[PDB]
Number of protein chains: 2
Amino acid sequence: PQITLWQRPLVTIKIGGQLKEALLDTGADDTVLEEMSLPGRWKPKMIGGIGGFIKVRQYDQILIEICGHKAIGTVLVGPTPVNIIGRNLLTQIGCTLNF
Amino acid sequence: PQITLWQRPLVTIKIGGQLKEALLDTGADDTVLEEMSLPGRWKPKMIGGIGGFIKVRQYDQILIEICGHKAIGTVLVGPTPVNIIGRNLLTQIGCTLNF
Ligand SMILES: CC[C@H](C)[C@H](NC(=O)[C@H](OCc1ccccc1)[C@H](O)[C@@H](O)[C@@H](OCc1ccccc1)C(=O)N[C@H](C(=O)NC)[C@@H](C)CC)C(=O)NC
């Protein structure tokens with residue numbers, strides 16, 4: 001589809017059998033979701049944005065469905081105020097910026 | 001043009017007669033640039049991101065050229081890690097997300 005930017009580009013995602021709302025973020029290198037449980041082993045990681053850094057847990061090879069499109073990649077979980085779909089996953093669904 | 005996201009969507013912008021590099025960020029409501037000198041009076045604003053909030057100076061009706069497209073709008077200046085072109089200006093140049 002074609003998403004305009006008059007409003008925040010929020011979409012529905014499916015992860016771990018759960019439905020959630022997330023922001024398509026071209027400014028994010030990584031994908032980070034609010035605190036939740038995921039299977040497998042995780043590694044600690046510090047990610048920084050506007051405001052500073054936060055500590056998150058890194059899970060690899062996680063399957064996520066974005067607007068019906070399946071994608072696989074690293075998903076970080078932590079105290080983020082909003083679920084963010086970053087470039088590592090946006091590329092897998094063929095997302096591009098156009099103007 | 002069409003910009004893929006395998007790399008950060010960095011573009012060249014022109015403001016105050018100077019060239020700078022900035023990130024096309026669909027996850028940002030506002031446009032924030034690194035510390036610099038702009039004309040006129042400014043108003044205060046607090047903006048929040050991943051690691052918390054930062055204080056910035058708000059300037060209105062600022063001329064900024066993005067990839068050759070001229071836009072005139074609100075620009076924030078503060079301790080941001082990178083120059084960010086947010087939705088307020090992305091809509092002015094007709095930018096959309098597609099997949
Ligand atoms: C998952 C974050 C990721 C690890 C990080 N990227 C960023 O922080 C991006 O910023 C560019 C950036 C790029 C590189 C280093 C630092 C900063 C991002 O798109 C922000 O812009 C945007 O974050 C999503 C968000 C939306 C609403 C509320 C809170 C957060 C955000 O903070 N939006 C604010 C917002 O819209 N708040 C409502 C806005 C005012 C900031 C200009 C990164 O890639 N680090 C290397």
# chains A, B, ... in the order shown; residues from 1 in each chain; ligands from 1
call {"tool": "residues_near_ligand", "arguments": {"ligand": "ligand 1", "cutoff": "6 Å", "atoms": "only C-alpha atoms and all ligand atoms", "output": "number ranges by chain"}}
result
A: 25, 27-32, 47-50, 81-82, 84; B: 25, 27-32, 47-50, 81-82
call {"tool": "write_last_selection", "arguments": {"atoms": "N, CA, C and O atoms", "output": "mmCIF file, in the first residue's frame"}}
result
data_model
loop_
_atom_site.group_PDB
_atom_site.id
_atom_site.type_symbol
_atom_site.label_atom_id
_atom_site.label_comp_id
_atom_site.auth_asym_id
_atom_site.auth_seq_id
_atom_site.Cartn_x
_atom_site.Cartn_y
_atom_site.Cartn_z
ATOM 1 N N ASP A 25 9.165 3.084 11.203
ATOM 2 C CA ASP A 25 10.169 4.116 11.468
ATOM 3 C C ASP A 25 11.442 4.053 10.621
ATOM 4 O O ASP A 25 12.344 3.274 10.923
ATOM 5 N N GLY A 27 13.711 6.130 10.567
ATOM 6 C CA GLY A 27 14.805 6.720 11.318
ATOM 7 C C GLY A 27 15.399 5.781 12.353
ATOM 8 O O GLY A 27 16.348 6.143 13.055
ATOM 9 N N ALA A 28 14.850 4.571 12.452
ATOM 10 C CA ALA A 28 15.339 3.590 13.417
ATOM 11 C C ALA A 28 16.153 2.473 12.769
ATOM 12 O O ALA A 28 15.682 1.813 11.843
ATOM 13 N N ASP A 29 17.375 2.270 13.253
ATOM 14 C CA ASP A 29 18.220 1.200 12.730
ATOM 15 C C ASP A 29 17.625 -0.138 13.156
ATOM 16 O O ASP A 29 17.625 -1.107 12.391
ATOM 17 N N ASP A 30 17.134 -0.175 14.393
ATOM 18 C CA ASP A 30 16.587 -1.390 14.986
ATOM 19 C C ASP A 30 15.091 -1.379 15.224
ATOM 20 O O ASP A 30 14.437 -0.343 15.162
ATOM 21 N N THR A 31 14.569 -2.564 15.526
ATOM 22 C CA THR A 31 13.161 -2.753 15.834
ATOM 23 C C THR A 31 13.098 -2.956 17.343
ATOM 24 O O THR A 31 13.829 -3.779 17.891
ATOM 25 N N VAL A 32 12.252 -2.195 18.026
ATOM 26 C CA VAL A 32 12.144 -2.349 19.469
ATOM 27 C C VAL A 32 10.688 -2.363 19.893
ATOM 28 O O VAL A 32 9.897 -1.519 19.471
ATOM 29 N N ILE A 47 20.726 0.867 23.354
ATOM 30 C CA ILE A 47 20.411 1.581 22.123
ATOM 31 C C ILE A 47 20.112 3.031 22.470
ATOM 32 O O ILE A 47 19.483 3.319 23.489
ATOM 33 N N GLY A 48 20.571 3.943 21.624
ATOM 34 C CA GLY A 48 20.347 5.347 21.885
ATOM 35 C C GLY A 48 19.499 6.038 20.842
ATOM 36 O O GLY A 48 19.508 5.675 19.664
ATOM 37 N N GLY A 49 18.751 7.035 21.292
ATOM 38 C CA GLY A 49 17.906 7.803 20.404
ATOM 39 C C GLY A 49 17.876 9.218 20.929
ATOM 40 O O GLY A 49 18.854 9.689 21.509
ATOM 41 N N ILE A 50 16.767 9.911 20.722
ATOM 42 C CA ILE A 50 16.646 11.263 21.234
ATOM 43 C C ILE A 50 16.393 11.100 22.731
ATOM 44 O O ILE A 50 15.445 10.427 23.136
ATOM 45 N N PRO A 81 8.489 3.730 24.726
ATOM 46 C CA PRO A 81 7.115 4.219 24.879
ATOM 47 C C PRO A 81 6.186 3.839 23.725
ATOM 48 O O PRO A 81 4.970 3.963 23.835
ATOM 49 N N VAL A 82 6.757 3.368 22.622
ATOM 50 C CA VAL A 82 5.962 2.977 21.464
ATOM 51 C C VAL A 82 6.681 1.855 20.714
ATOM 52 O O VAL A 82 7.910 1.826 20.683
ATOM 53 N N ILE A 84 8.323 0.042 17.771
ATOM 54 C CA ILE A 84 8.980 0.563 16.580
ATOM 55 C C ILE A 84 9.477 -0.494 15.601
ATOM 56 O O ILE A 84 10.205 -1.405 15.977
ATOM 57 N N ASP B 25 13.103 10.833 8.490
ATOM 58 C CA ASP B 25 12.570 10.039 9.593
ATOM 59 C C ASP B 25 11.048 10.006 9.736
ATOM 60 O O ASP B 25 10.464 10.926 10.297
ATOM 61 N N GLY B 27 9.421 8.261 11.692
ATOM 62 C CA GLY B 27 9.074 8.057 13.087
ATOM 63 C C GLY B 27 9.167 9.314 13.938
ATOM 64 O O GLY B 27 8.998 9.251 15.155
ATOM 65 N N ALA B 28 9.429 10.453 13.305
ATOM 66 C CA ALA B 28 9.548 11.724 14.024
ATOM 67 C C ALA B 28 8.430 12.696 13.658
ATOM 68 O O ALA B 28 8.221 12.991 12.484
ATOM 69 N N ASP B 29 7.705 13.190 14.662
ATOM 70 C CA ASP B 29 6.628 14.143 14.404
ATOM 71 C C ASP B 29 7.224 15.461 13.927
ATOM 72 O O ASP B 29 6.654 16.145 13.079
ATOM 73 N N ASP B 30 8.367 15.812 14.507
ATOM 74 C CA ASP B 30 9.021 17.081 14.222
ATOM 75 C C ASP B 30 10.385 16.976 13.567
ATOM 76 O O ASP B 30 10.992 15.910 13.514
ATOM 77 N N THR B 31 10.861 18.122 13.089
ATOM 78 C CA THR B 31 12.159 18.240 12.442
ATOM 79 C C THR B 31 13.088 18.906 13.452
ATOM 80 O O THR B 31 12.793 19.994 13.948
ATOM 81 N N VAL B 32 14.201 18.248 13.761
ATOM 82 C CA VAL B 32 15.159 18.777 14.727
ATOM 83 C C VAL B 32 16.566 18.753 14.165
ATOM 84 O O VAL B 32 17.023 17.724 13.670
ATOM 85 N N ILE B 47 10.677 17.792 23.633
ATOM 86 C CA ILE B 47 10.316 16.675 22.771
ATOM 87 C C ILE B 47 10.862 15.383 23.346
ATOM 88 O O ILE B 47 11.969 15.349 23.887
ATOM 89 N N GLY B 48 10.079 14.317 23.227
ATOM 90 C CA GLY B 48 10.503 13.040 23.769
ATOM 91 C C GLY B 48 10.808 11.994 22.720
ATOM 92 O O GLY B 48 10.145 11.912 21.688
ATOM 93 N N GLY B 49 11.836 11.202 22.991
ATOM 94 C CA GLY B 49 12.225 10.144 22.086
ATOM 95 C C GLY B 49 12.434 8.871 22.872
ATOM 96 O O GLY B 49 11.846 8.683 23.940
ATOM 97 N N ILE B 50 13.300 8.010 22.356
ATOM 98 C CA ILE B 50 13.600 6.735 22.986
ATOM 99 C C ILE B 50 14.179 6.797 24.394
ATOM 100 O O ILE B 50 13.718 6.075 25.279
ATOM 101 N N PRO B 81 21.238 13.896 18.331
ATOM 102 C CA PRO B 81 22.384 13.106 17.864
ATOM 103 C C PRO B 81 22.652 13.244 16.364
ATOM 104 O O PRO B 81 23.792 13.103 15.910
ATOM 105 N N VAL B 82 21.595 13.504 15.598
ATOM 106 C CA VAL B 82 21.699 13.646 14.146
ATOM 107 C C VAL B 82 20.611 14.591 13.653
ATOM 108 O O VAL B 82 19.607 14.791 14.335
#
call {"tool": "residues_around", "arguments": {"residues": "residue B:72", "least_positions_apart": "3", "cutoff": "10 Å", "atoms": "only C-alpha atoms", "output": "list in words"}}
result
residues 60, 61, 62, 63, 64, 65, 75, 88, 89 and 92 of chain B
call {"tool": "write_last_selection", "arguments": {"atoms": "C-alpha atoms", "output": "PDB file, in the first residue's frame"}}
result
ATOM      1  CA  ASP B  60       8.908  29.050  12.645  1.00  0.00           C
ATOM      2  CA  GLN B  61       8.667  29.594   8.884  1.00  0.00           C
ATOM      3  CA  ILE B  62      12.259  28.548   8.202  1.00  0.00           C
ATOM      4  CA  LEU B  63      13.270  27.909   4.591  1.00  0.00           C
ATOM      5  CA  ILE B  64      14.909  24.522   4.115  1.00  0.00           C
ATOM      6  CA  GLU B  65      15.770  22.725   0.899  1.00  0.00           C
ATOM      7  CA  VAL B  75      12.435  23.656  12.666  1.00  0.00           C
ATOM      8  CA  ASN B  88       6.003  18.132   9.306  1.00  0.00           C
ATOM      9  CA  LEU B  89       8.390  18.626   6.370  1.00  0.00           C
ATOM     10  CA  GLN B  92       5.595  19.258   2.288  1.00  0.00           C
TER      11      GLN B  92
END
call {"tool": "interface_residues", "arguments": {"of": "chain A", "to": "chain B", "cutoff": "9 Å", "atoms": "only C-alpha atoms", "output": "PyMOL selection string"}}
result
chain A and resi 1-9+23-29+47-54+79-82+84+87-88+90-91+93-99
call {"tool": "write_last_selection", "arguments": {"atoms": "N, CA and C atoms", "output": "compact mmCIF listing (two decimals), in the first residue's frame"}}
result
# COMPACT_ATOMS: atom_id res chain seq x y z
N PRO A 1 0.84 -1.22 0.00
CA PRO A 1 0.00 0.00 0.00
C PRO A 1 0.87 1.25 0.00
N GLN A 2 0.22 2.41 -0.05
CA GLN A 2 0.92 3.68 -0.02
C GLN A 2 0.45 4.40 1.22
N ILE A 3 1.38 4.69 2.12
CA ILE A 3 1.04 5.35 3.36
C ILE A 3 1.48 6.80 3.37
N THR A 4 0.52 7.70 3.59
CA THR A 4 0.83 9.12 3.65
C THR A 4 1.35 9.41 5.06
N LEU A 5 1.95 10.58 5.24
CA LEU A 5 2.52 10.92 6.53
C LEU A 5 1.83 12.06 7.28
N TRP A 6 0.57 12.33 6.92
CA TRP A 6 -0.20 13.38 7.60
C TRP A 6 -0.35 12.97 9.06
N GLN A 7 -0.39 11.66 9.30
CA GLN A 7 -0.50 11.11 10.65
C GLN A 7 0.65 10.12 10.81
N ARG A 8 0.91 9.71 12.05
CA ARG A 8 1.98 8.74 12.31
C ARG A 8 1.65 7.46 11.55
N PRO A 9 2.65 6.87 10.87
CA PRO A 9 2.44 5.64 10.11
C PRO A 9 2.34 4.41 11.00
N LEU A 23 4.89 1.52 14.90
CA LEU A 23 5.23 2.63 14.02
C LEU A 23 6.28 2.23 12.98
N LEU A 24 6.01 2.52 11.70
CA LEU A 24 6.97 2.22 10.63
C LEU A 24 7.96 3.38 10.74
N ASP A 25 9.17 3.08 11.20
CA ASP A 25 10.17 4.12 11.47
C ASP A 25 11.44 4.05 10.62
N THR A 26 11.53 4.89 9.59
CA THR A 26 12.71 4.90 8.72
C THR A 26 13.94 5.49 9.43
N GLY A 27 13.71 6.13 10.57
CA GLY A 27 14.81 6.72 11.32
C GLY A 27 15.40 5.78 12.35
N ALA A 28 14.85 4.57 12.45
CA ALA A 28 15.34 3.59 13.42
C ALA A 28 16.15 2.47 12.77
N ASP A 29 17.37 2.27 13.25
CA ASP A 29 18.22 1.20 12.73
C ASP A 29 17.63 -0.14 13.16
N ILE A 47 20.73 0.87 23.35
CA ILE A 47 20.41 1.58 22.12
C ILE A 47 20.11 3.03 22.47
N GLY A 48 20.57 3.94 21.62
CA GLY A 48 20.35 5.35 21.88
C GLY A 48 19.50 6.04 20.84
N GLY A 49 18.75 7.03 21.29
CA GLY A 49 17.91 7.80 20.40
C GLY A 49 17.88 9.22 20.93
N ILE A 50 16.77 9.91 20.72
CA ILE A 50 16.65 11.26 21.23
C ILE A 50 16.39 11.10 22.73
N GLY A 51 17.25 11.70 23.55
CA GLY A 51 17.06 11.60 24.98
C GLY A 51 18.14 10.80 25.67
N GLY A 52 18.81 9.93 24.92
CA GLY A 52 19.86 9.12 25.50
C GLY A 52 19.71 7.65 25.15
N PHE A 53 20.26 6.80 26.01
CA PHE A 53 20.21 5.36 25.79
C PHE A 53 19.32 4.61 26.76
N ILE A 54 18.84 3.45 26.33
CA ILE A 54 18.03 2.58 27.17
C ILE A 54 18.57 1.16 27.01
N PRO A 79 11.97 -0.86 27.62
CA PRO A 79 11.11 0.26 28.03
C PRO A 79 10.88 1.36 26.99
N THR A 80 10.49 0.98 25.77
CA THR A 80 10.22 1.98 24.74
C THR A 80 8.76 2.43 24.91
N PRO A 81 8.49 3.73 24.73
CA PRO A 81 7.12 4.22 24.88
C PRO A 81 6.19 3.84 23.73
N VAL A 82 6.76 3.37 22.62
CA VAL A 82 5.96 2.98 21.46
C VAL A 82 6.68 1.86 20.71
N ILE A 84 8.32 0.04 17.77
CA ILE A 84 8.98 0.56 16.58
C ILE A 84 9.48 -0.49 15.60
N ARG A 87 14.48 -0.28 10.24
CA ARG A 87 14.99 -0.66 8.93
C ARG A 87 15.36 -2.13 8.75
N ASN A 88 15.79 -2.80 9.81
CA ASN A 88 16.17 -4.20 9.68
C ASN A 88 15.00 -5.07 9.21
N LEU A 90 11.91 -3.37 7.88
CA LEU A 90 11.23 -2.65 6.80
C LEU A 90 11.76 -3.08 5.43
N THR A 91 13.05 -3.38 5.36
CA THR A 91 13.66 -3.82 4.11
C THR A 91 13.11 -5.17 3.67
N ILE A 93 10.14 -6.31 3.97
CA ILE A 93 8.80 -6.25 3.39
C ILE A 93 8.80 -5.38 2.14
N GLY A 94 9.98 -4.93 1.72
CA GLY A 94 10.10 -4.13 0.52
C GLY A 94 9.64 -2.69 0.64
N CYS A 95 9.75 -2.13 1.83
CA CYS A 95 9.32 -0.77 2.08
C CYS A 95 10.32 0.27 1.57
N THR A 96 9.82 1.30 0.89
CA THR A 96 10.67 2.36 0.36
C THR A 96 10.05 3.73 0.62
N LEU A 97 10.89 4.77 0.62
CA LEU A 97 10.42 6.15 0.78
C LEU A 97 10.37 6.69 -0.64
N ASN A 98 9.27 7.36 -0.99
CA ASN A 98 9.12 7.91 -2.33
C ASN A 98 8.63 9.35 -2.34
N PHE A 99 9.19 10.15 -3.24
CA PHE A 99 8.80 11.55 -3.40
C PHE A 99 9.40 12.10 -4.70
call {"tool": "residues_around", "arguments": {"residues": "residue A:20", "least_positions_apart": "3", "cutoff": "9 Å", "atoms": "only C-alpha atoms", "output": "PDB file with C-alpha atoms, in the first residue's frame"}}
result
ATOM      1  CA  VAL A  11       0.220  -0.449  11.412  1.00  0.00           C
ATOM      2  CA  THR A  12      -0.874  -3.753  12.932  1.00  0.00           C
ATOM      3  CA  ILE A  13       1.793  -6.371  13.554  1.00  0.00           C
ATOM      4  CA  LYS A  14       1.571  -9.981  14.719  1.00  0.00           C
ATOM      5  CA  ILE A  15       4.310 -11.366  16.949  1.00  0.00           C
ATOM      6  CA  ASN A  83       6.520  -0.172  19.378  1.00  0.00           C
TER       7      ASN A  83
END
call {"tool": "closest_residue", "arguments": {"among": "B:36, B:45, B:58, B:22", "to": "residue B:74", "atoms": "only C-alpha atoms"}}
result
B:58
call {"tool": "select_by_dssp", "arguments": {"residues": "chain A", "states": "alpha helix (DSSP H)", "output": "list in words"}}
result
residues 87, 88, 89 and 90 of chain A
call {"tool": "select_by_dssp", "arguments": {"residues": "chain B", "states": "strand (DSSP E)", "output": "NGL selection string"}}
result
:B and (2-3 or 10-15 or 18-24 or 32-33 or 43-49 or 52-66 or 69-77 or 84-85 or 96-98)
call {"tool": "atom_distance", "arguments": {"atom1": "atom CA of residue A:39", "atom2": "atom CA of residue A:70"}}
result
18.0 Å
call {"tool": "residues_around", "arguments": {"residues": "residue A:57", "least_positions_apart": "6", "cutoff": "8 Å", "atoms": "only C-alpha atoms", "output": "ChimeraX atom specification"}}
result
/A:42-45,76-78
